[PDB]
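Take a look at this one chain, the form deposited without the DNA, written out in structure tokens.
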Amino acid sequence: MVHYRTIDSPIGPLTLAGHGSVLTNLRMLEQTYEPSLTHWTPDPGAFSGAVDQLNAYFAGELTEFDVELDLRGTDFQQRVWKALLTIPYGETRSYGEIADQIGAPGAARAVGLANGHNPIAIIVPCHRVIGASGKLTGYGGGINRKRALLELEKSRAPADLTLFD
């Protein structure tokens, strides 16, 4: 089937799901409607690699993820989530820039709606994309989760303090 595990984090109870050792889902589900949750087996020891990476990520030790994903969505969504995965830690892009990257100049608004449907939060970094106005998006408190995540990434102390020696 598809099995799931829930872990805690600074921005809330993250839920990881997928078949075997492959993520298909990662969303802070607390206090929203997730239909497909009833069709899922609980397994408190799955995706063991991932949680480490996450807990490391939240601690600031991790900059890049090594996890296997299976994004399912329309072709357009596929391409937008492809581009998303090419924005590095500590950086951002505008919705327009993404629209150019995927080869459909002018589709700022479509990316934004395709960002909303991102199956895997944090690892596919939907938070590293912002409009020109700087106003962030998201219902459910999702704005604060994005903001928090952006702050955490910017507050990254320079890695080696030996470059100052």
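From 1 onward, residues are counted along the sequence shown.
Just so it is clear, the following notes concern the form deposited with the DNA bound, a form of the same protein that is not shown.
The closest non-hydrogen atom of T137 lies within 4.5 Å of the DNA in the entry with it bound. Although the partner is absent here, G45 lies well away from the DNA in the entry with it bound, with no heavy atom inside 4.5 Å. When the DNA is considered in the entry with it bound, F76 lines it closely, a heavy atom lying within 4.5 Å.
Put simply, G106 is close to the DNA in the entry with it bound: some heavy atom of it is within 4.5 Å. Residue heavy atoms within 4.5 Å of the DNA in the entry with it bound occur in exactly one stretch of 5-13, 151-159, 18-26, 137-145, and that stretch is 137-145. Along 79-99, residues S94, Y95, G96 each place a heavy atom within 4.5 Å of the DNA in the entry with it bound.
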